[PDB]
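Here's the structure we're looking at; comments come further down.
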Amino acid sequence: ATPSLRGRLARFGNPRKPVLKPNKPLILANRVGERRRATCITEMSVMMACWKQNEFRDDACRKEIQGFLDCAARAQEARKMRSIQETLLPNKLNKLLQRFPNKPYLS
Amino acid sequence: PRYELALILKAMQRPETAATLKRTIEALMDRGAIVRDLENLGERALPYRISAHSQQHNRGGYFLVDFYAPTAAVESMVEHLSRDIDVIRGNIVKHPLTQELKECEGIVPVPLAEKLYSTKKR
Amino acid sequence: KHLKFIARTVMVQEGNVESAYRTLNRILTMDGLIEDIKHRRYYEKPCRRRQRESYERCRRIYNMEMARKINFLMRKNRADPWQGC
Amino acid sequence: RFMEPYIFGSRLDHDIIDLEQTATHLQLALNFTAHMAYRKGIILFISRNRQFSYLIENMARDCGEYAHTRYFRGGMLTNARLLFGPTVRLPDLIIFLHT
Amino acid sequence: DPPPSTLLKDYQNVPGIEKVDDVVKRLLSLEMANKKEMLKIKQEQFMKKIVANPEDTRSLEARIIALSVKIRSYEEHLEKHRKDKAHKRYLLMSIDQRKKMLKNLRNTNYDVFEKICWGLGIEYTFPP
Amino acid sequence: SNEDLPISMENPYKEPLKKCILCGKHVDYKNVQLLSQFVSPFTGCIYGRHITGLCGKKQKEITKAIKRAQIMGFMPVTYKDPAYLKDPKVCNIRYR
Amino acid sequence: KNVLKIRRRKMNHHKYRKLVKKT
Amino acid sequence: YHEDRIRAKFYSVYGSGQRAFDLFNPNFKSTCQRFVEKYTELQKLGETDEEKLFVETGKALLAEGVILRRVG
Amino acid sequence: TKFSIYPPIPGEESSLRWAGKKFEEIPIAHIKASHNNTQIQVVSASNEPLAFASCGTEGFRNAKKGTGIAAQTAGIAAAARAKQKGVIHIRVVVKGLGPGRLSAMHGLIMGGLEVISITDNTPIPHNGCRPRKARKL
Amino acid sequence: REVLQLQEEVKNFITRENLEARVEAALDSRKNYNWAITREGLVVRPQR
RNA sequence: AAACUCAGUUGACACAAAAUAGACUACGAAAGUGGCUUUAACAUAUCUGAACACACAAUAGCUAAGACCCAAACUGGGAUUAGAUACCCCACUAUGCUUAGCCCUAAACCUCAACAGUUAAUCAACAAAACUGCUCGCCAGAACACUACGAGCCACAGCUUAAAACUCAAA
RNA sequence: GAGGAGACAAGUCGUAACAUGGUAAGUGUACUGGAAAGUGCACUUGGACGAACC
Ligand code: FES
Ligand SMILES: [Mg+2]
Ligand SMILES: [Mg+2]
Ligand SMILES: [Mg+2]
Ligand SMILES: [Mg+2]
Ligand SMILES: [Mg+2]
Ligand SMILES: [Mg+2]
Ligand SMILES: [Mg+2]
Ligand SMILES: [Mg+2]
Ligand SMILES: [Mg+2]
Ligand SMILES: [Mg+2]
Ligand SMILES: [Mg+2]
Ligand SMILES: [Mg+2]
Ligand SMILES: [Mg+2]
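Protein sequence lines, in the order shown, are assigned to chains A, B, C, D, E, F, G, H, I and J.
Just so we're aligned: the first sequence equals residues 2 to 38, 43 to 92, 99 to 118 in UniProt numbering.
Read in UniProt numbering, the second sequence has 38 at position 37, and its numbers run on one by one without any break.
Read in UniProt numbering, the third sequence has 80 at position 78, and its numbers run on one by one without any break.
Read in UniProt numbering, the fourth sequence has 115 at position 16, and its numbers run on one by one without any break.
Read in UniProt numbering, the fifth sequence has 83 at position 18, and its numbers run on one by one without any break.
Read in UniProt numbering, the sixth sequence has 87 at position 42, and its numbers run on one by one without any break.
Read in UniProt numbering, the seventh sequence has 130 at position 3, and its numbers run on one by one without any break.
Read in UniProt numbering, the eighth sequence has 73 at position 9, and its numbers run on one by one without any break.
Read in UniProt numbering, the ninth sequence has 108 at position 51, and its numbers run on one by one without any break.
Read in UniProt numbering, the tenth sequence has 198 at position 44, and its numbers run on one by one without any break.
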């Protein structure tokens, strides 16, 4: 259950000192906030260690380098898949809310 | 009034434990307590390594002494328990049964706070 | 003075230390220990602590009420029945 | 707050409109509507309930009176002399099937 | 103070109480009771000593007697807790309330006021 | 007037209040099992009332009893006692 | 509200303390 | 209404019942409604004890053939 | 039995055995993940030292120490040092919330050692020893 | 009743006479205050 | 960068502070009060009422004697900058704690006085909807001015009370 | 004798405040400093923390 707001705020007829001091009114808005906005590092470290121990010569590093390339490709593919899959979203939720606006006044 | 002494004694042999219990109850009576009951909660590993009288303890025997004593005797009893070596720990509390189960019909629902802001239109 | 390896201890299942560490971090986060350590790094003066607690409580109230409203209105996300009017 | 005089009471947190009062109110309203229609005034039905928009429009078209169930553009009555021509005639009675 | 062996006000009216065991008497005595019970016994003694109707707790005399017992308790507390500012305030406020009640009783019923002053050892003094 | 008029009376359909699980039961600082039922298994942190579901009075009593046991040596502080891990789960918590 | 009056009082008080220290 | 207490007890004892509510029928009579009618006519007969009336109504409806399968 | 995340009860008939050793017998890996530095020390069931490592010892200097890469390097070094001591299975007991908190374990694994348990032991004062004043930037 | 009930109990108090017997009896016996609570409000007592 | 050779595990170990509970909204007149136990204890009325007295009054500060983990004005060093008497880093002192006295100030603000009552016909704006009765306290343009003089005070670079001249049409 | 205030008025050194005023601002109190001021302890919002989960 939602925390009780009874007697929390500073109001006339409230003997107790304020429990909450909301810098903004505690009234629901008609909108929600927009969705707020390093991979492959282990593979990079592995490949760099192989380079370090082989004098940065691909001859033995072939495997680690191939793993690095595969990991980079996987990261790019995951980026694309996430971007496409992202498009309830804030736009739809706000559209739903606008049909049922909060009414802090009297009709 | 009525007190319960929760006592944690050094885990020791039956003769030593009996001697310590006799000593503690005798001190209570001398200070004026009227011992009502003595229940043994058994020996068990302490929840943490208590160190009493420079001696560390991992296990101890838990006992309860329900008694009635004058208010002034509680401090003296606490001091004597502290000074007693065989007692790992000891606390005198007000006996729980002196408290009552005053009726609590349930979890009454708290309605959403109303009239917390003016009805001004914006 | 407590028994070691009982508190905040997670047994990694089948060697998936990643999953074990994530579960342990979840446990600590739910218990609030991570936030407690982060705040305790530097002293939070009592007035600032009170202000932060008040702000967090107000934020919790608002977010819980907004989530309640969102869930309550979710059913109305259906397709329009009276299309054409 | 202003519907308290017309609410017979509450049944399980649901209000019951006093049909006793509704009878007299509807008698007066229907008598007034009949008088206006007899006098040939313009009667305009109004309802933003999309469920019954079509039904109200059909009823108005059948009874030879006008209906406005769509989005009510601002000034459609106060600014009518501009939105319809200076000589437009406004409705003589408006019937809100949904207020 | 009343003797420690004094029975609690609740049990002083119990029939056949005198026949009970010595240990039971001790447990029901003030010796095994907090200071509040001793204060209540004191208040009952003052009531039976002074007021015309000892069962009239709501009278001005009963109020004055109870407040005097409370003031005595606060003075006893402060004799030991010399730094208890809250209880110092309570003692001073109680003394002021006793003065006001005594003034009202003096204005209303002078004979009862004399009896109250004598019984509670209060020496009424006019304000400067 | 009219026999069918409503009659003043209390809601006969009112439902009984959902008494908290511990309501009407004696919380004791020695019932270390019950006290451990309301702490975090991993950190020994006392659960909030939103988790426990307890009424305010019983939540306060549970907290005070937990503190008393912990400081008097009846209960551990930093973790739930292992022996009570498999006790019935009455806290609405889900770590895994 | 703004704190212009508090700022004026602040400057007054600071100058007074400085003058007292100086004399 | 007076019958609301009887309705509350009936719903507590036997639940909503197997038979649903056909509110579209203005003259629909529910199992609880028949229980209330039987209770009322028994009260008219004269029984004044609440529990006695409840048990008598249950027995009479069971004889009539009502499925008063108690929830508990 | 389905997996139980809780550690085995001390002094109890537990069936779990790692290379035939009991949980109380498995060696320990104390990781201190300070804000700018990470340190790893492997000790025995009797807290006998087995190996030590840190960002500084591995060679990262100044800000570079407080990085996941340095933590993984220290973990690898500590694991390699412990392997010569014969440590296979270890119970990780990490304290601190530095950037190396998890990279230390990852390096300790890449070095070959297997982890059986993670035990956070970050010192959380219930209250005491007032910390330093807040930084204003 | 309160004084009467107390009168019966006092017979079973610990005094300097039955001190040894009662100490031995307490050592020989045990008391377990632990009992779990289920989500249904039922009290699960430990097996004894 | 300066700085320490000290750092990690385990054990012993406070006169410092009091996670979680607390999404609780309680106690106290206010300041304040959130580890545990005990003792004492939370004025009165079915009103208001004090520079006109008595008792309190966060933090800071003063005197004396102790404690000193940690923090920390000041001070020193490192860094920064055009300069940096600061912001960032390190060390440390008064001080924060205890005892006994002083000091009596806070944006001591919930900037919303106490008691009683109403929601009825509203309301400059914002803020925490608008009012009725009653009593006390306080205010009469801005600045001069938490100032000068006088007075009182364990206060001595202080606190309370507190003006006037000159100036302006504003604030 | 000297200080204080206000006014007139330009320079001077800085940029302390007004925006998160570039270290949020301010109250009390103490130390310090060319100068607005810096910092320490407590207090206020006459700041914000973007206000479902993320
Ligand atoms: S619901 Fe009744 S005691 Fe908590
Ligand atoms: Mg000035
Ligand atoms: Mg008064
Ligand atoms: Mg005054
Ligand atoms: Mg003071
Ligand atoms: Mg010092
Ligand atoms: Mg001042
Ligand atoms: Mg002055
Ligand atoms: Mg003077
Ligand atoms: Mg600036
Ligand atoms: Mg600034
Ligand atoms: Mg400041
Ligand atoms: Mg400085
Ligand atoms: Mg304040």
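Idealized CB from N, CA, C, for every residue including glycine.
- Put simply, the CB of C:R28 is near chain F, with a gap under 7 angstroms to one of its CB atoms.
- Rounded to the nearest whole angstrom, the CA to CA distance from E:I130 to B:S77 is 34 angstroms.
- Under the three-state reduction of DSSP output, C:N27 falls in the helix class.
- When the Cα atoms are used, B:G62 and A:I46 turn out to be separated by approximately 56 angstroms.
- Among the bridge pairs identified by DSSP, I:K152 is matched with I:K89.
- For B:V111, the neighbours in chain A by C-beta distance under 7 angstroms run, in chain order, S5, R7.
- Put simply, the CB of B:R45 is far from chain J, with every gap to its CB atoms at 7 angstroms or more.
- Judged by DSSP in its simplified three-state form, C:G17 adopts coil rather than helix or strand.
- The closest CA to that of C:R70, considering only A:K18, A:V33, A:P26, A:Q71, is found on A:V33.
- Within chain E, the residues whose beta carbon sits less than 9 angstroms from that of J:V164 are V85, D86, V88, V89, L92, listed in sequence order.
- For the pair E:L92 and C:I39, the Cα-to-Cα distance works out to about 53 angstroms.
- For B:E40, no alpha helix (DSSP H) encloses it; the enclosing beta strand (DSSP E) starts and ends at 35-53.
- Counting C-beta atoms within 10 angstroms of its own C-beta, E:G186 has fewer than 16 neighbours from the protein chains shown and is therefore classed as exposed.
- Counted as a single uninterrupted DSSP element, the beta strand (DSSP E) harbouring B:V94 occupies residues 88-95.
- D:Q126 sits in a helix when the DSSP states are folded into three classes.
- For the region 177-188 of chain J, residues whose beta-carbon sits nearer than 9 angstroms to a beta-carbon of chain B comprise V177, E178, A179, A180, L181, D182, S183, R184, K185, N186, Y187.
- A residue is called buried once 16 or more other Cβ atoms fall within 10 Å of its Cβ, and J:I191 is buried on that count.
- At least one C-beta of chain F is nearer than 7 angstroms to the C-beta of I:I66.
- Classified as exposed, A:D63 has fewer than 16 neighbouring CB atoms from the shown chains inside 10 Å of its CB.
- Here the distance from the Cβ of F:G98 to the nearest heavy atom of ligand 1 is not below 6 angstroms.
- Only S85, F87, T88, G89, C90 from the region 83-100 of chain F bring a Cβ to less than 8 angstroms from some Cβ of chain C.
- The Cβ-Cβ distance between B:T99 and B:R3 falls below 7 angstroms.
- Distances from the CA of I:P84 to each of I:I173, I:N178, I:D177 were compared; the closest alpha carbon is that of I:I173.
- Residues of chain J whose Cβ lies closer than 8 angstroms to the Cβ of B:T18 are, in chain order, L181.
- In the DSSP assignment, A:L104 forms no beta bridge with any residue.
- The secondary-structure analysis by DSSP pairs B:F64 across a beta bridge with B:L8, B:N41.
- Neighbours of C:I63 in chain A, taken as residues whose beta carbon is under 7 angstroms from its own, are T3, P4, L6, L27 in chain order.
- Per the coordinates, the alpha-carbon of D:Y165 lies some 8 angstroms from the alpha-carbon of D:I141.
- Secondary structure of F:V135 (DSSP, three-state): coil.
- Rounded to whole angstroms, the Cβ separation of F:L99 and B:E106 is 15 angstroms, and the two are not in contact under 8 angstroms.
- Going by beta carbons, B:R90 and F:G89 fall outside the 7 angstroms limit.
- Selection F:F87, F:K125, F:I107, F:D49 evaluated against C:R28 yields F:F87 as nearest (Cα-Cα).
- By the beta-carbon neighbour count (other beta carbons within 10 angstroms, threshold 16), B:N59 is exposed.
- With at least 16 other beta carbons inside 10 angstroms of its own, F:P121 counts as buried.
- Straight-line spacing of the CA atoms in A:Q71 and A:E48 works out to 10 angstroms.
- Residue-level contact check: B:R50 touches chain C, since one or more beta carbons of chain C fall below 7 angstroms from its beta carbon.
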